[PDB]
Amino acid sequence: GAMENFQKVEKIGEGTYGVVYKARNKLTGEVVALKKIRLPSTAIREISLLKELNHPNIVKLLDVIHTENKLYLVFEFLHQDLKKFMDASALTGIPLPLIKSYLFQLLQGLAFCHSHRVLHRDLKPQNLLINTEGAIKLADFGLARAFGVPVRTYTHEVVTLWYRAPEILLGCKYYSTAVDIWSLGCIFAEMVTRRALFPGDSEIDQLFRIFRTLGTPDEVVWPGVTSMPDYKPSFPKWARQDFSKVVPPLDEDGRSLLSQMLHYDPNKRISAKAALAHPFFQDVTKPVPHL
Ligand SMILES: OCc1ccn(-c2ccc(Nc3cc4nc(OC5CCNCC5)ccc4cn3)c(F)c2)n1
């Protein structure tokens with residue numbers, strides 16, 4: 001069949017929807033990352049369109065193969081993920097110029113996809129892939145619109161809530177591009193501090209962690225919040241903390257940017273385009289990482 005063209009080399013990992021292998025294309029000679037999803041007509045159309053969603057900071061979708069009750073997604077191969085790099089950099093920290101380069105690149109990736117009205121909806125360090133040159137790329141872009149974001153993965157692993165926007169947690173059915181800015185803000189904070197910003201272990205724990213740092217949202221900061229489906233007037237009313245406490249020793253340009261990425265109101269939250277123009281990026285460079 002179709003899959004006799006790919007030689008499996010090694011197992012990379014386990015995604016939300018299926019297993020990912022390093023593989024060799026026998027006809028072209030290319031080394032690829034092959035995602036195998038066990039199987040929907042609408043999903044096939046939506047995923048096939050992602051072959052056109054091409055940008056240097058988006059993991060290249062080389063092909064989509066629907067065969068034998070399975071969907072194979074053939075991706076470009078990269079060295080490792082940001083999670084491994086952050087774990088490896090725990091003692092010393094990722095240098096600020098490299099954090100800045102990576103955030104700048106990821107914002108370009110978001111600005112591109114958002115310009116075509118495609119959301120990621122499940123950004124997290126495991127979906128950010130790096131090479132030895134200094135590039136970083138977003139993996140799994142567009143798969144959430146095709147399949148949804150489940151509670152558990154295909155292996156029953158808990159899908160993390162740590163990067164989930166508060167509008168999603170409060171039960172908004174209609175997600176804007178702002179949900180990805182929220183997630184990337186949380187990732188930015190984690191790179192700087194070497195600890196997850198909001199490591200919640202349930203929906204309410206996630207919400208209350210957000211509230212304990214940013215203040216419990218009300219009608220002043222977020223018009224309509226008190227009418228949202230999963231909003232309860234019984235939520236405790238926590239005061240907002242200073243960003244100087246949350247992400248030390250990050251400078252005022254970095255804190256300004258982060259604060260705008262974590263605005264409660266999706267309509268007030270900074271866009272990817274606007275974030276690229278932020279003064280934080282005035283001295284941005286492209287360093288080569290220690291991998
Ligand atoms: O524990 C440390 C360790 C062990 C092995 N590695 C590791 C080896 C190779 C790669 N390269 C890679 C992986 C990809 N993965 C994709 O999909 C998954 C992304 C996350 N969400 C689920 C789907 C898509 C395209 C990919 C392209 N290259 C790597 F990233 C890590 N790291």
# chains A, B, ... in the order shown; residues from 1 in each chain; ligands from 1
>>> closest_atom_pairs(of="chain A", to="ligand 1", cutoff="8 Å", atoms="only C-alpha atoms and all ligand atoms", output="JSON lines")
{"residue": "A:11", "atom": "CA", "partner": "ligand 1", "partner_atom_place_in_ligand_line": "5 (C)", "distance": 7.7}
{"residue": "A:12", "atom": "CA", "partner": "ligand 1", "partner_atom_place_in_ligand_line": "8 (C)", "distance": 4.7}
{"residue": "A:13", "atom": "CA", "partner": "ligand 1", "partner_atom_place_in_ligand_line": "5 (C)", "distance": 6.4}
{"residue": "A:14", "atom": "CA", "partner": "ligand 1", "partner_atom_place_in_ligand_line": "22 (C)", "distance": 6.1}
{"residue": "A:15", "atom": "CA", "partner": "ligand 1", "partner_atom_place_in_ligand_line": "22 (C)", "distance": 3.4}
{"residue": "A:16", "atom": "CA", "partner": "ligand 1", "partner_atom_place_in_ligand_line": "22 (C)", "distance": 5.8}
{"residue": "A:17", "atom": "CA", "partner": "ligand 1", "partner_atom_place_in_ligand_line": "22 (C)", "distance": 7.7}
{"residue": "A:18", "atom": "CA", "partner": "ligand 1", "partner_atom_place_in_ligand_line": "23 (C)", "distance": 7.6}
{"residue": "A:19", "atom": "CA", "partner": "ligand 1", "partner_atom_place_in_ligand_line": "23 (C)", "distance": 7.7}
{"residue": "A:20", "atom": "CA", "partner": "ligand 1", "partner_atom_place_in_ligand_line": "17 (O)", "distance": 6.0}
{"residue": "A:22", "atom": "CA", "partner": "ligand 1", "partner_atom_place_in_ligand_line": "9 (C)", "distance": 7.1}
{"residue": "A:32", "atom": "CA", "partner": "ligand 1", "partner_atom_place_in_ligand_line": "27 (C)", "distance": 7.2}
{"residue": "A:33", "atom": "CA", "partner": "ligand 1", "partner_atom_place_in_ligand_line": "27 (C)", "distance": 4.9}
{"residue": "A:34", "atom": "CA", "partner": "ligand 1", "partner_atom_place_in_ligand_line": "25 (C)", "distance": 7.4}
{"residue": "A:35", "atom": "CA", "partner": "ligand 1", "partner_atom_place_in_ligand_line": "17 (O)", "distance": 6.7}
{"residue": "A:59", "atom": "CA", "partner": "ligand 1", "partner_atom_place_in_ligand_line": "25 (C)", "distance": 6.5}
{"residue": "A:75", "atom": "CA", "partner": "ligand 1", "partner_atom_place_in_ligand_line": "25 (C)", "distance": 5.3}
{"residue": "A:76", "atom": "CA", "partner": "ligand 1", "partner_atom_place_in_ligand_line": "27 (C)", "distance": 5.7}
{"residue": "A:77", "atom": "CA", "partner": "ligand 1", "partner_atom_place_in_ligand_line": "28 (N)", "distance": 3.9}
{"residue": "A:78", "atom": "CA", "partner": "ligand 1", "partner_atom_place_in_ligand_line": "28 (N)", "distance": 3.9}
{"residue": "A:79", "atom": "CA", "partner": "ligand 1", "partner_atom_place_in_ligand_line": "11 (N)", "distance": 5.0}
{"residue": "A:80", "atom": "CA", "partner": "ligand 1", "partner_atom_place_in_ligand_line": "29 (C)", "distance": 3.7}
{"residue": "A:81", "atom": "CA", "partner": "ligand 1", "partner_atom_place_in_ligand_line": "30 (F)", "distance": 4.3}
{"residue": "A:83", "atom": "CA", "partner": "ligand 1", "partner_atom_place_in_ligand_line": "2 (C)", "distance": 7.9}
{"residue": "A:84", "atom": "CA", "partner": "ligand 1", "partner_atom_place_in_ligand_line": "2 (C)", "distance": 5.4}
{"residue": "A:126", "atom": "CA", "partner": "ligand 1", "partner_atom_place_in_ligand_line": "20 (C)", "distance": 4.7}
{"residue": "A:127", "atom": "CA", "partner": "ligand 1", "partner_atom_place_in_ligand_line": "20 (C)", "distance": 4.2}
{"residue": "A:128", "atom": "CA", "partner": "ligand 1", "partner_atom_place_in_ligand_line": "20 (C)", "distance": 7.4}
{"residue": "A:129", "atom": "CA", "partner": "ligand 1", "partner_atom_place_in_ligand_line": "30 (F)", "distance": 5.5}
{"residue": "A:130", "atom": "CA", "partner": "ligand 1", "partner_atom_place_in_ligand_line": "30 (F)", "distance": 7.5}
{"residue": "A:139", "atom": "CA", "partner": "ligand 1", "partner_atom_place_in_ligand_line": "19 (C)", "distance": 5.5}
{"residue": "A:140", "atom": "CA", "partner": "ligand 1", "partner_atom_place_in_ligand_line": "23 (C)", "distance": 6.2}
>>> residues_around(residues="stretch 103-115 of chain A", least_positions_apart="6", cutoff="8 Å", atoms="only C-alpha atoms", output="PDB file with N, CA and C atoms, in the first residue's frame")
ATOM      1  N   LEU A  53      -0.971  26.017   4.317  1.00  0.00           N
ATOM      2  CA  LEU A  53      -0.651  26.938   5.429  1.00  0.00           C
ATOM      3  C   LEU A  53       0.834  26.869   5.777  1.00  0.00           C
ATOM      4  N   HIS A  55       4.709  28.464   6.369  1.00  0.00           N
ATOM      5  CA  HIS A  55       5.462  29.601   6.919  1.00  0.00           C
ATOM      6  C   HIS A  55       6.732  29.052   7.597  1.00  0.00           C
ATOM      7  N   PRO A  56       7.857  29.812   7.600  1.00  0.00           N
ATOM      8  CA  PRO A  56       9.105  29.276   8.189  1.00  0.00           C
ATOM      9  C   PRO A  56       9.051  28.851   9.679  1.00  0.00           C
ATOM     10  N   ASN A  57       8.173  29.494  10.431  1.00  0.00           N
ATOM     11  CA  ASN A  57       7.854  29.155  11.838  1.00  0.00           C
ATOM     12  C   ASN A  57       6.646  28.236  12.100  1.00  0.00           C
ATOM     13  N   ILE A  58       6.188  27.531  11.063  1.00  0.00           N
ATOM     14  CA  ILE A  58       5.161  26.494  11.182  1.00  0.00           C
ATOM     15  C   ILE A  58       5.779  25.203  10.666  1.00  0.00           C
ATOM     16  N   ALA A 135      16.199  28.256  14.953  1.00  0.00           N
ATOM     17  CA  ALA A 135      14.790  28.343  14.578  1.00  0.00           C
ATOM     18  C   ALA A 135      13.906  27.641  15.604  1.00  0.00           C
ATOM     19  N   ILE A 136      12.675  28.130  15.724  1.00  0.00           N
ATOM     20  CA  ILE A 136      11.613  27.465  16.488  1.00  0.00           C
ATOM     21  C   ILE A 136      10.348  27.482  15.634  1.00  0.00           C
ATOM     22  N   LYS A 137       9.578  26.396  15.688  1.00  0.00           N
ATOM     23  CA  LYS A 137       8.387  26.222  14.843  1.00  0.00           C
ATOM     24  C   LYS A 137       7.211  25.648  15.630  1.00  0.00           C
ATOM     25  N   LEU A 138       5.999  26.042  15.247  1.00  0.00           N
ATOM     26  CA  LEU A 138       4.756  25.567  15.889  1.00  0.00           C
ATOM     27  C   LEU A 138       4.298  24.281  15.190  1.00  0.00           C
ATOM     28  N   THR A 177      -8.688  34.185  17.917  1.00  0.00           N
ATOM     29  CA  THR A 177      -7.214  34.081  17.833  1.00  0.00           C
ATOM     30  C   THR A 177      -6.473  34.439  19.132  1.00  0.00           C
ATOM     31  N   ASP A 180      -4.621  31.753  21.496  1.00  0.00           N
ATOM     32  CA  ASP A 180      -3.210  31.432  21.251  1.00  0.00           C
ATOM     33  C   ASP A 180      -2.218  32.428  21.855  1.00  0.00           C
ATOM     34  N   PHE A 188       5.971  32.078  27.535  1.00  0.00           N
ATOM     35  CA  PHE A 188       6.950  33.157  27.749  1.00  0.00           C
ATOM     36  C   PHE A 188       7.336  33.277  29.234  1.00  0.00           C
ATOM     37  N   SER A 271      -2.731  41.514  19.855  1.00  0.00           N
ATOM     38  CA  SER A 271      -2.648  40.612  18.698  1.00  0.00           C
ATOM     39  C   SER A 271      -1.193  40.200  18.456  1.00  0.00           C
ATOM     40  N   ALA A 272      -1.010  39.129  17.691  1.00  0.00           N
ATOM     41  CA  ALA A 272       0.335  38.680  17.297  1.00  0.00           C
ATOM     42  C   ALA A 272       1.059  39.762  16.490  1.00  0.00           C
ATOM     43  N   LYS A 273       0.361  40.360  15.524  1.00  0.00           N
ATOM     44  CA  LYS A 273       0.887  41.498  14.742  1.00  0.00           C
ATOM     45  C   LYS A 273       1.380  42.669  15.593  1.00  0.00           C
ATOM     46  N   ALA A 275       2.043  42.606  18.845  1.00  0.00           N
ATOM     47  CA  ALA A 275       3.140  42.109  19.680  1.00  0.00           C
ATOM     48  C   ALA A 275       4.495  42.176  18.981  1.00  0.00           C
ATOM     49  N   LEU A 276       4.536  41.884  17.675  1.00  0.00           N
ATOM     50  CA  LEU A 276       5.792  41.989  16.889  1.00  0.00           C
ATOM     51  C   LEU A 276       6.405  43.400  16.834  1.00  0.00           C
ATOM     52  N   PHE A 281      11.082  43.824  21.372  1.00  0.00           N
ATOM     53  CA  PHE A 281      11.792  43.266  20.206  1.00  0.00           C
ATOM     54  C   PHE A 281      12.762  44.185  19.439  1.00  0.00           C
ATOM     55  N   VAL A 284      16.199  42.508  19.159  1.00  0.00           N
ATOM     56  CA  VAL A 284      16.104  41.058  18.907  1.00  0.00           C
ATOM     57  C   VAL A 284      17.193  40.599  17.931  1.00  0.00           C
TER      58      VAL A 284
END
>>> residues_around(residues="stretch 254-257 of chain A", least_positions_apart="2", cutoff="12 Å", atoms="only C-alpha atoms", output="PyMOL selection string")
chain A and resi 96-97+99-100+103-104+107+181-182+184-186+188-189+192+242-252+259-263+269-272+274-282
>>> write_last_selection(atoms="C-alpha atoms", output="JSON list (two decimals), in the first residue's frame")
[["chain", "number", "residue", "atom", "x", "y", "z"],
["A", 96, "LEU", "CA", 17.23, 36.23, 27.52],
["A", 97, "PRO", "CA", 18.36, 36.87, 23.88],
["A", 99, "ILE", "CA", 13.95, 33.62, 24.85],
["A", 100, "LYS", "CA", 13.38, 36.85, 22.89],
["A", 103, "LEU", "CA", 9.07, 34.53, 21.24],
["A", 104, "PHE", "CA", 9.64, 36.78, 18.17],
["A", 107, "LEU", "CA", 4.67, 35.51, 17.16],
["A", 181, "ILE", "CA", -1.77, 34.74, 22.55],
["A", 182, "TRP", "CA", -2.79, 33.70, 26.07],
["A", 184, "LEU", "CA", 2.12, 31.89, 24.29],
["A", 185, "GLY", "CA", 2.16, 34.42, 27.18],
["A", 186, "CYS", "CA", 2.07, 31.53, 29.66],
["A", 188, "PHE", "CA", 6.95, 33.16, 27.75],
["A", 189, "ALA", "CA", 6.58, 33.40, 31.56],
["A", 192, "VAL", "CA", 11.80, 33.30, 31.98],
["A", 242, "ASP", "CA", 2.30, 43.02, 40.60],
["A", 243, "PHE", "CA", 4.09, 41.58, 37.52],
["A", 244, "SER", "CA", 7.43, 42.39, 39.19],
["A", 245, "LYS", "CA", 6.56, 39.47, 41.57],
["A", 246, "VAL", "CA", 5.28, 37.07, 38.86],
["A", 247, "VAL", "CA", 8.20, 37.11, 36.32],
["A", 248, "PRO", "CA", 11.40, 38.41, 37.98],
["A", 249, "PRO", "CA", 14.01, 39.38, 36.79],
["A", 250, "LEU", "CA", 12.30, 40.24, 33.45],
["A", 251, "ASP", "CA", 12.66, 43.90, 32.35],
["A", 252, "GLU", "CA", 9.79, 46.42, 32.02],
["A", 259, "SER", "CA", 0.74, 41.82, 30.77],
["A", 260, "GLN", "CA", -0.85, 42.67, 27.38],
["A", 261, "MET", "CA", -0.71, 38.96, 26.33],
["A", 262, "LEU", "CA", -2.57, 38.02, 29.56],
["A", 263, "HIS", "CA", -5.43, 40.58, 29.43],
["A", 269, "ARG", "CA", -5.50, 41.11, 24.54],
["A", 270, "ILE", "CA", -2.62, 42.10, 22.22],
["A", 271, "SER", "CA", -2.65, 40.61, 18.70],
["A", 272, "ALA", "CA", 0.34, 38.68, 17.30],
["A", 274, "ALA", "CA", 0.86, 44.20, 17.44],
["A", 275, "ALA", "CA", 3.14, 42.11, 19.68],
["A", 276, "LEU", "CA", 5.79, 41.99, 16.89],
["A", 277, "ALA", "CA", 5.95, 45.84, 16.95],
["A", 278, "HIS", "CA", 6.40, 45.91, 20.78],
["A", 279, "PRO", "CA", 9.64, 47.69, 22.05],
["A", 280, "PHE", "CA", 10.75, 44.39, 23.73],
["A", 281, "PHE", "CA", 11.79, 43.27, 20.21],
["A", 282, "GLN", "CA", 13.91, 46.37, 19.31]]
>>> atom_distance(atom1="atom CA of residue A:206", atom2="atom CA of residue A:43")
29.6 Å
>>> atom_distance(atom1="atom CA of residue A:74", atom2="atom CA of residue A:291")
24.9 Å
>>> select_by_dssp(residues="stretch 97-246 of chain A", states="helix (DSSP H, G or I)", output="mmCIF file with N, CA and C atoms, in the first residue's frame")
data_model
loop_
_atom_site.group_PDB
_atom_site.id
_atom_site.type_symbol
_atom_site.label_atom_id
_atom_site.label_comp_id
_atom_site.auth_asym_id
_atom_site.auth_seq_id
_atom_site.Cartn_x
_atom_site.Cartn_y
_atom_site.Cartn_z
ATOM 1 N N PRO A 97 18.397 36.677 25.350
ATOM 2 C CA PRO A 97 18.355 36.865 23.883
ATOM 3 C C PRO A 97 17.722 35.714 23.094
ATOM 4 N N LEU A 98 17.947 34.479 23.550
ATOM 5 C CA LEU A 98 17.309 33.303 22.950
ATOM 6 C C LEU A 98 15.803 33.206 23.261
ATOM 7 N N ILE A 99 15.398 33.509 24.503
ATOM 8 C CA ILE A 99 13.955 33.616 24.846
ATOM 9 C C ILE A 99 13.283 34.611 23.886
ATOM 10 N N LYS A 100 13.906 35.780 23.736
ATOM 11 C CA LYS A 100 13.381 36.846 22.887
ATOM 12 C C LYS A 100 13.293 36.448 21.410
ATOM 13 N N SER A 101 14.355 35.821 20.890
ATOM 14 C CA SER A 101 14.354 35.260 19.525
ATOM 15 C C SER A 101 13.218 34.256 19.303
ATOM 16 N N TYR A 102 13.068 33.334 20.246
ATOM 17 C CA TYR A 102 12.014 32.333 20.151
ATOM 18 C C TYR A 102 10.617 32.950 20.209
ATOM 19 N N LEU A 103 10.370 33.847 21.163
ATOM 20 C CA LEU A 103 9.066 34.526 21.236
ATOM 21 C C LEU A 103 8.741 35.307 19.947
ATOM 22 N N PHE A 104 9.743 36.026 19.431
ATOM 23 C CA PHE A 104 9.636 36.781 18.173
ATOM 24 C C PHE A 104 9.237 35.881 16.994
ATOM 25 N N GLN A 105 9.929 34.761 16.867
ATOM 26 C CA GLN A 105 9.623 33.763 15.840
ATOM 27 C C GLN A 105 8.232 33.140 15.985
ATOM 28 N N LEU A 106 7.868 32.779 17.214
ATOM 29 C CA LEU A 106 6.547 32.200 17.465
ATOM 30 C C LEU A 106 5.410 33.183 17.167
ATOM 31 N N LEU A 107 5.616 34.455 17.514
ATOM 32 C CA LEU A 107 4.666 35.508 17.162
ATOM 33 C C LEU A 107 4.486 35.687 15.650
ATOM 34 N N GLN A 108 5.564 35.524 14.877
ATOM 35 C CA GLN A 108 5.470 35.534 13.412
ATOM 36 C C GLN A 108 4.635 34.373 12.886
ATOM 37 N N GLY A 109 4.849 33.188 13.462
ATOM 38 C CA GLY A 109 4.041 32.008 13.142
ATOM 39 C C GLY A 109 2.564 32.199 13.436
ATOM 40 N N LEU A 110 2.257 32.694 14.638
ATOM 41 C CA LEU A 110 0.872 33.053 14.991
ATOM 42 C C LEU A 110 0.277 34.127 14.081
ATOM 43 N N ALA A 111 1.018 35.205 13.822
ATOM 44 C CA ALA A 111 0.523 36.290 12.953
ATOM 45 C C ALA A 111 0.131 35.785 11.559
ATOM 46 N N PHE A 112 0.948 34.890 11.004
ATOM 47 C CA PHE A 112 0.639 34.247 9.729
ATOM 48 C C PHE A 112 -0.659 33.448 9.796
ATOM 49 N N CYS A 113 -0.722 32.479 10.704
ATOM 50 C CA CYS A 113 -1.904 31.587 10.789
ATOM 51 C C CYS A 113 -3.196 32.358 11.117
ATOM 52 N N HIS A 114 -3.085 33.317 12.038
ATOM 53 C CA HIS A 114 -4.201 34.193 12.411
ATOM 54 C C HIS A 114 -4.674 35.079 11.258
ATOM 55 N N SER A 115 -3.754 35.519 10.389
ATOM 56 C CA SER A 115 -4.136 36.254 9.161
ATOM 57 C C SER A 115 -5.005 35.435 8.186
ATOM 58 N N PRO A 125 4.598 23.773 25.416
ATOM 59 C CA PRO A 125 6.012 23.570 25.056
ATOM 60 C C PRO A 125 6.306 22.344 24.154
ATOM 61 N N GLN A 126 5.543 21.267 24.322
ATOM 62 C CA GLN A 126 5.688 20.056 23.479
ATOM 63 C C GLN A 126 5.367 20.300 22.000
ATOM 64 N N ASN A 127 4.505 21.282 21.709
ATOM 65 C CA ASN A 127 4.169 21.714 20.329
ATOM 66 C C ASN A 127 5.103 22.784 19.723
ATOM 67 N N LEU A 143 -5.091 21.328 13.847
ATOM 68 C CA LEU A 143 -5.660 20.005 14.165
ATOM 69 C C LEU A 143 -6.855 20.067 15.128
ATOM 70 N N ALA A 144 -6.864 21.052 16.031
ATOM 71 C CA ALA A 144 -7.989 21.258 16.955
ATOM 72 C C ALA A 144 -9.322 21.597 16.270
ATOM 73 N N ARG A 145 -9.297 22.392 15.197
ATOM 74 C CA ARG A 145 -10.526 22.668 14.417
ATOM 75 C C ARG A 145 -11.051 21.406 13.716
ATOM 76 N N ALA A 146 -10.139 20.558 13.234
ATOM 77 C CA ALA A 146 -10.498 19.290 12.594
ATOM 78 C C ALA A 146 -11.100 18.267 13.563
ATOM 79 N N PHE A 147 -10.424 18.034 14.693
ATOM 80 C CA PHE A 147 -10.770 16.942 15.638
ATOM 81 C C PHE A 147 -11.359 17.343 16.989
ATOM 82 N N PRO A 166 -8.732 31.872 29.763
ATOM 83 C CA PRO A 166 -9.849 31.875 30.706
ATOM 84 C C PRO A 166 -11.226 31.845 30.039
ATOM 85 N N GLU A 167 -11.362 32.437 28.851
ATOM 86 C CA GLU A 167 -12.637 32.347 28.103
ATOM 87 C C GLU A 167 -13.053 30.908 27.754
ATOM 88 N N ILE A 168 -12.066 30.041 27.492
ATOM 89 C CA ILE A 168 -12.323 28.621 27.219
ATOM 90 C C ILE A 168 -12.777 27.955 28.520
ATOM 91 N N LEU A 169 -12.061 28.225 29.610
ATOM 92 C CA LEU A 169 -12.420 27.685 30.936
ATOM 93 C C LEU A 169 -13.793 28.145 31.450
ATOM 94 N N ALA A 178 -7.088 35.277 19.963
ATOM 95 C CA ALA A 178 -6.586 35.605 21.298
ATOM 96 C C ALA A 178 -6.277 34.410 22.193
ATOM 97 N N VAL A 179 -6.937 33.260 21.995
ATOM 98 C CA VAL A 179 -6.648 32.080 22.837
ATOM 99 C C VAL A 179 -5.180 31.632 22.706
ATOM 100 N N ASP A 180 -4.621 31.753 21.496
ATOM 101 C CA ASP A 180 -3.210 31.432 21.251
ATOM 102 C C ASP A 180 -2.218 32.428 21.855
ATOM 103 N N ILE A 181 -2.589 33.712 21.899
ATOM 104 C CA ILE A 181 -1.773 34.738 22.545
ATOM 105 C C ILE A 181 -1.653 34.468 24.047
ATOM 106 N N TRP A 182 -2.780 34.130 24.670
ATOM 107 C CA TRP A 182 -2.789 33.700 26.072
ATOM 108 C C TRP A 182 -1.798 32.559 26.314
ATOM 109 N N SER A 183 -1.928 31.482 25.530
ATOM 110 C CA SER A 183 -1.050 30.320 25.697
ATOM 111 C C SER A 183 0.429 30.679 25.548
ATOM 112 N N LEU A 184 0.740 31.479 24.530
ATOM 113 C CA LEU A 184 2.115 31.893 24.288
ATOM 114 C C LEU A 184 2.656 32.787 25.414
ATOM 115 N N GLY A 185 1.800 33.637 25.991
ATOM 116 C CA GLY A 185 2.157 34.424 27.181
ATOM 117 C C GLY A 185 2.549 33.538 28.352
ATOM 118 N N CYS A 186 1.759 32.492 28.595
ATOM 119 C CA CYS A 186 2.074 31.531 29.657
ATOM 120 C C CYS A 186 3.422 30.835 29.420
ATOM 121 N N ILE A 187 3.697 30.497 28.158
ATOM 122 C CA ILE A 187 4.962 29.855 27.765
ATOM 123 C C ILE A 187 6.154 30.816 27.945
ATOM 124 N N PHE A 188 5.971 32.078 27.535
ATOM 125 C CA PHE A 188 6.950 33.157 27.749
ATOM 126 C C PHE A 188 7.336 33.277 29.234
ATOM 127 N N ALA A 189 6.341 33.343 30.109
ATOM 128 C CA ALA A 189 6.582 33.398 31.564
ATOM 129 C C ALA A 189 7.369 32.194 32.093
ATOM 130 N N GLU A 190 7.050 31.016 31.569
ATOM 131 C CA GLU A 190 7.715 29.765 31.951
ATOM 132 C C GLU A 190 9.172 29.688 31.508
ATOM 133 N N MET A 191 9.463 30.136 30.284
ATOM 134 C CA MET A 191 10.856 30.264 29.824
ATOM 135 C C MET A 191 11.689 31.188 30.737
ATOM 136 N N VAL A 192 11.104 32.305 31.159
ATOM 137 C CA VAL A 192 11.796 33.301 31.981
ATOM 138 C C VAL A 192 12.057 32.794 33.411
ATOM 139 N N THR A 193 11.021 32.268 34.057
ATOM 140 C CA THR A 193 11.099 31.859 35.468
ATOM 141 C C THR A 193 11.560 30.424 35.723
ATOM 142 N N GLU A 203 -10.162 22.011 35.896
ATOM 143 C CA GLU A 203 -10.643 23.276 35.316
ATOM 144 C C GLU A 203 -10.766 24.385 36.364
ATOM 145 N N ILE A 204 -11.331 24.059 37.530
ATOM 146 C CA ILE A 204 -11.482 25.058 38.598
ATOM 147 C C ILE A 204 -10.147 25.442 39.244
ATOM 148 N N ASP A 205 -9.243 24.472 39.408
ATOM 149 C CA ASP A 205 -7.890 24.768 39.895
ATOM 150 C C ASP A 205 -7.137 25.697 38.923
ATOM 151 N N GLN A 206 -7.286 25.433 37.623
ATOM 152 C CA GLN A 206 -6.703 26.289 36.584
ATOM 153 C C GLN A 206 -7.241 27.720 36.660
ATOM 154 N N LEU A 207 -8.569 27.851 36.695
ATOM 155 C CA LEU A 207 -9.226 29.166 36.846
ATOM 156 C C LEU A 207 -8.798 29.929 38.096
ATOM 157 N N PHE A 208 -8.842 29.257 39.253
ATOM 158 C CA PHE A 208 -8.445 29.904 40.511
ATOM 159 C C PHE A 208 -6.960 30.283 40.585
ATOM 160 N N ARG A 209 -6.082 29.496 39.962
ATOM 161 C CA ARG A 209 -4.664 29.882 39.829
ATOM 162 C C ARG A 209 -4.504 31.169 39.030
ATOM 163 N N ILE A 210 -5.236 31.267 37.931
ATOM 164 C CA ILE A 210 -5.265 32.493 37.113
ATOM 165 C C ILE A 210 -5.780 33.671 37.956
ATOM 166 N N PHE A 211 -6.891 33.468 38.663
ATOM 167 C CA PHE A 211 -7.491 34.525 39.488
ATOM 168 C C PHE A 211 -6.579 35.001 40.627
ATOM 169 N N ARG A 212 -5.873 34.065 41.280
ATOM 170 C CA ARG A 212 -4.966 34.395 42.398
ATOM 171 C C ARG A 212 -3.780 35.295 41.990
ATOM 172 N N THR A 213 -3.376 35.240 40.720
ATOM 173 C CA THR A 213 -2.288 36.069 40.180
ATOM 174 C C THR A 213 -2.783 37.355 39.521
ATOM 175 N N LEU A 214 -3.766 37.228 38.633
ATOM 176 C CA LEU A 214 -4.273 38.365 37.842
ATOM 177 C C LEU A 214 -5.487 39.096 38.428
ATOM 178 N N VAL A 225 -18.238 39.193 31.422
ATOM 179 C CA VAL A 225 -17.657 38.013 32.107
ATOM 180 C C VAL A 225 -18.627 37.316 33.061
ATOM 181 N N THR A 226 -19.435 38.118 33.759
ATOM 182 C CA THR A 226 -20.388 37.606 34.750
ATOM 183 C C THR A 226 -21.600 36.871 34.122
ATOM 184 N N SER A 227 -21.820 37.058 32.814
ATOM 185 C CA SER A 227 -22.801 36.293 32.016
ATOM 186 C C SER A 227 -22.304 35.033 31.294
ATOM 187 N N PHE A 243 3.280 42.391 38.453
ATOM 188 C CA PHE A 243 4.093 41.575 37.517
ATOM 189 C C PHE A 243 5.585 41.471 37.855
ATOM 190 N N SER A 244 6.097 42.456 38.592
ATOM 191 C CA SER A 244 7.426 42.390 39.195
ATOM 192 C C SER A 244 7.634 41.153 40.096
ATOM 193 N N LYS A 245 6.566 40.710 40.773
ATOM 194 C CA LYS A 245 6.556 39.471 41.570
ATOM 195 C C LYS A 245 6.415 38.180 40.745
ATOM 196 N N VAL A 246 5.632 38.242 39.668
ATOM 197 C CA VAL A 246 5.283 37.072 38.858
ATOM 198 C C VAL A 246 6.425 36.552 37.982
#
>>> residues_around(residues="residue A:69", least_positions_apart="2", cutoff="7 Å", atoms="only C-alpha atoms", output="NGL selection string")
:A and (38-39 or 67)
>>> select_by_dssp(residues="stretch 107-257 of chain A", states="strand (DSSP E)", output="JSON, numbers by chain")
{"A": [128, 129, 130, 136, 137, 138]}
>>> closest_residue(among="A:199, A:233, A:215, A:142", to="residue A:44", atoms="only C-alpha atoms")
A:142
>>> residues_around(residues="residue A:216", least_positions_apart="6", cutoff="9 Å", atoms="only C-alpha atoms", output="mmCIF file with C-alpha atoms, in the first residue's frame")
data_model
loop_
_atom_site.group_PDB
_atom_site.id
_atom_site.type_symbol
_atom_site.label_atom_id
_atom_site.label_comp_id
_atom_site.auth_asym_id
_atom_site.auth_seq_id
_atom_site.Cartn_x
_atom_site.Cartn_y
_atom_site.Cartn_z
ATOM 1 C CA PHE A 208 -8.445 29.904 40.511
ATOM 2 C CA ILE A 210 -5.265 32.493 37.113
ATOM 3 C CA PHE A 235 -15.988 32.636 42.822
ATOM 4 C CA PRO A 236 -13.645 34.046 45.537
ATOM 5 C CA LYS A 237 -12.523 37.649 44.869
ATOM 6 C CA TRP A 238 -8.708 37.677 44.835
ATOM 7 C CA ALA A 239 -6.673 40.866 44.331
ATOM 8 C CA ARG A 240 -4.275 41.284 41.384
#
>>> closest_residue(among="A:131, A:265, A:253, A:198", to="residue A:176", atoms="only C-alpha atoms")
A:265
>>> closest_residue(among="A:93, A:217, A:1, A:223", to="residue A:65", atoms="only C-alpha atoms")
A:1
>>> closest_residue(among="A:70, A:124, A:156, A:290", to="residue A:196", atoms="only C-alpha atoms")
A:124
>>> atom_distance(atom1="atom CA of residue A:132", atom2="atom CA of residue A:89")
15.0 Å
>>> closest_residue(among="A:120, A:267, A:195, A:149", to="residue A:87", atoms="only C-alpha atoms")
A:195
